[PDB]
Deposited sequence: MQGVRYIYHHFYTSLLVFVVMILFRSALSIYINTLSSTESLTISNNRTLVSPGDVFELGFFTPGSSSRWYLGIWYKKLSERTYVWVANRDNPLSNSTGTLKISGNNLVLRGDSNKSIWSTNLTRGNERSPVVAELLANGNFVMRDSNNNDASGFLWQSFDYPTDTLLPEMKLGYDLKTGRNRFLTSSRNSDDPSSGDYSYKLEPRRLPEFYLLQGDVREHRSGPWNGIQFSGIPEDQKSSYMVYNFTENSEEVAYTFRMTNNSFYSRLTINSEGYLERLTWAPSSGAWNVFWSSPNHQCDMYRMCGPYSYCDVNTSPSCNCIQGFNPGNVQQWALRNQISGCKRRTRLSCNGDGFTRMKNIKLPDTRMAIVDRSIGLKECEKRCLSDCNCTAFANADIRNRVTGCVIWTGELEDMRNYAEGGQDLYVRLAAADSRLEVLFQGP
């Protein structure tokens, strides 16, 4: 009953629900000299307030309370969730509306602010149509909506974008079975596992703790960097474990089409083998937006492929996937289609490797000194020897 609320009401005076296991706590709060009030969830056991959810981040509430009004949680209506229904806060920080099975009627998890906790879902639901994405707060003492979001793009081959407003600043790349190149998780972590769920009802990224002495989260901070912050018992602060983007080669289309950004070269931009700079005067001034043009025209049948190693796969707007075939067939299928410009494996670790095919321009590519993937790029027969 100290994590649930029924006929009762929670005033700014002064009751707080607390999750089973001590980890999270719902209540009211005012940050800084704001004299503004918000309904939110935080880590209970931490001296410095770290907020993981907020009910009214841009409808700021010295009175304001919320209880149940018919079949809904209303907050006074500053905010509301459009039989005896109980609102409960579970052990993972999800604030639920249920009947007294997980047939919840409303989750806070479906309405993220700037943070992804373990077992929260970053991605969309095809059944309901809701896309769950992170939106930055304005700054550390103001949880209202900032200018940055990190959002899964619904498409045949989904990938994440970091946006400033509606401007794409950075692109995660597609999932490869293990990871997105731009969510650079520690794959040998001892306290975390990561998952990308993709099926006919939802596609979403999630992570889970293997050891609950640690806390970890994903937050996109006020300047528009996505970071993983881990709290170890061996410290009294959140440590930034990784940060993204963290190189100009990670900035969306730092380079032009058919070139790839390389952190070990001057200039950063390099033509794919078989391609030449599109605008030679611009490139000599290191204006490389022109990208590269193929030097030998394609002949469709009898075209060939050059293999790129250690690459981040190009923007997936015009990619089609077939996970049921392998690379030899994928090449055959790419060849037959005169507009196929490149193909790659869908999932390296499976015995059926799947096929990804691009038409159109190859965009937003960078390489890596280790890791990355193969990309087979279509060339005229002559140049295909490169």
- Show which contiguous pieces of the deposited sequence have no C-alpha coordinates, counting from residue 1. 1-32, 94-95, 111-115, 122-128, 147-150, 437-443
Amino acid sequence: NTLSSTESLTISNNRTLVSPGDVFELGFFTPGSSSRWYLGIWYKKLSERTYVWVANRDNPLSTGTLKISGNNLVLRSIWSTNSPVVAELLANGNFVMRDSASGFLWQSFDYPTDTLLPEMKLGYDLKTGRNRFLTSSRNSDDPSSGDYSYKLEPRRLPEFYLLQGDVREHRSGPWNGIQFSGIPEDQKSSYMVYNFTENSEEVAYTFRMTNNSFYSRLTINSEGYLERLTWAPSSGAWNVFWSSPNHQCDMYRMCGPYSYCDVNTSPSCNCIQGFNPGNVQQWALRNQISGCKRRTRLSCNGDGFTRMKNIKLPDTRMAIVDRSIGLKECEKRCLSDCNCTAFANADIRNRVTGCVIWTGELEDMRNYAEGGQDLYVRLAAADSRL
From here on, numbers count along this sequence of modelled residues.
- Note on the structure: Ranked by mean Cα B-factor in the entry, 101-109 and 123-131, top stretch is 101-109
- Item | Mean temperature factor over C-alpha atoms, higher-scoring stretch between 339-347 and 64-72 | 64-72
- Message: Quiz for you: based on the deposited Cα B-factor, which of 271, 261, 232, 311 is highest?
- Response: 232
- Task: Select lowest, middle or highest to describe the third in which the CA B-factor of residue 88 falls within its chain in this entry.
- Result: highest
- Lowest, middle or highest third of the chain for the C-alpha temperature factor of residue 95? highest
- Query: By its CA B factor, does residue 267 count among the lowest, middle or highest third of the modelled residues in the chain?
  - Reply: middle
- For residue 303, the third of its chain into which the C-alpha B factor falls: middle
- residue 322: CA temperature factor from the record, placed by chain third, in the lowest
